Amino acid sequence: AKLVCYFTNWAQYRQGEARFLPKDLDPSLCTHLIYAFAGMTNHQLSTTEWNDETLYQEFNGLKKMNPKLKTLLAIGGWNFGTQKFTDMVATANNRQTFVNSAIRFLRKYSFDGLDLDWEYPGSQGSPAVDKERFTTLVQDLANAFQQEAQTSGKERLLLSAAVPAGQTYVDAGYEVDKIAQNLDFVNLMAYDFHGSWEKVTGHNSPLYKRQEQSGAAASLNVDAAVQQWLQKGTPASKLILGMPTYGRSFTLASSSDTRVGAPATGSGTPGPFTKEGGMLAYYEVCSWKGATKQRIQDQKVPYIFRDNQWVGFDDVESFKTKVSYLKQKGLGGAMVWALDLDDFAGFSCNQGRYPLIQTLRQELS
């Protein structure tokens, strides 16, 4: 089974023990390391930090200590927008300029592949025409990769894409069946099902729905998302089940009501290290002493509160549950976002180095 893990190149700017660089990486924890994020400039793949070339080197140099490791560069991201993608896949000469840059770029720095993260083809300002232009971009990359591999005599560059769980987004821009044939694997983003944008406390990554949910409110869980991709043409073995090492917080309207559906005045207090309200790294949900942990029986995931702060998250237990669910489903493995937010150095949770992902590796291997 695969254990696809995302490294993010902005974690390097966090303060103290939270600061994360390639040296904090474990060459053997995951089967595949994906580097987030690379941008675009002139329909060309490009860096985004003043030190991406150096990080690329450390990132890929890890394969010397573990030749079985497979690295990939991810282009895109939630905050990338759709603009540059839609424009690049607009014309042959543009798709080509990109593809050729992708190849030359990946080889230049020793990346084994490209992981597409366009959020999302068919929404956020993307014309429904971008649904099929995506499928082209995929076939194009796949083809140039297969041709390159033969002419260069190296291991064929790998192709993957991060995909949304939501029925709406899938329909809007994904030809599931046709892209799955050209994608080496699909990284399903089964999380963010609920967040501080909604007005009621819900879980970021529930495995199952609560008895109390009917309709589209039901689908807002892992299983629905998984079943949707399978039932639409995705070979189970290519579908990698994503899990989060972060949870989503809410500020409670009243600490008298702390259940999973209670009224929330908005996002939760920013975490001292992540400093982005409405989300919290797993290592921040540990420092929480004098708080109350509970399980959401129906969803198989935990959540906790201390006063007016409510946070739905994943722990070792919920990760074990999930690893078991994908196994029962015959999925290709797990995906995790991100190496970064787990307690990667055992500096907070007193469970060691990478408690969550180490859990994934052992339960999977």
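Don't overthink the numbering: it's just position in the shown sequence, from 1.
May I ask you to compare 285-293 and 76-84 by their mean CA B factor in the entry and name the higher one? The deposited B-factors put 285-293 ahead on the C-alpha mean.
Pick between 126-134 and 234-242: the one whose mean CA B-factor in the entry is higher. The stretch with the larger mean CA B-factor is 126-134.
Choose from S249, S205, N143, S256 the residue with the greatest Cα B-factor as stated in the PDB record. The C-alpha B-factor peaks, among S249, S205, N143, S256, at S256.
Between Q213, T274, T269, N187, which one tops the list for C-alpha B-factor in the PDB entry? Spelled out: the listed residue with the top C-alpha B-factor is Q213.
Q181 - which third its CA temperature factor falls in, relative to the rest of the chain: Middle third - that is where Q181 ends up once the chain's C-alpha B-factors are sorted.
Tell me, lowest, middle or highest third: where does the Cα B factor of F111 rank within its chain? Its C-alpha B-factor, which the entry lists for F111, ranks in the lowest third among residues of this chain.
Per the entry's values, where does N221 land by CA temperature factor relative to the rest of its chain, in the lowest, middle or highest third? Within its chain, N221 is a middle-third residue by C-alpha B-factor, going by the deposited values.
Can you work out whether the C-alpha temperature factor of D314 puts it in the lowest, middle or highest third of the chain? It belongs to the middle third of the chain when residues are ordered by C-alpha B-factor.
So where's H32 on the chain's Cα temperature factor ranking, which third? It belongs to the lowest third of the chain when residues are ordered by C-alpha B-factor.
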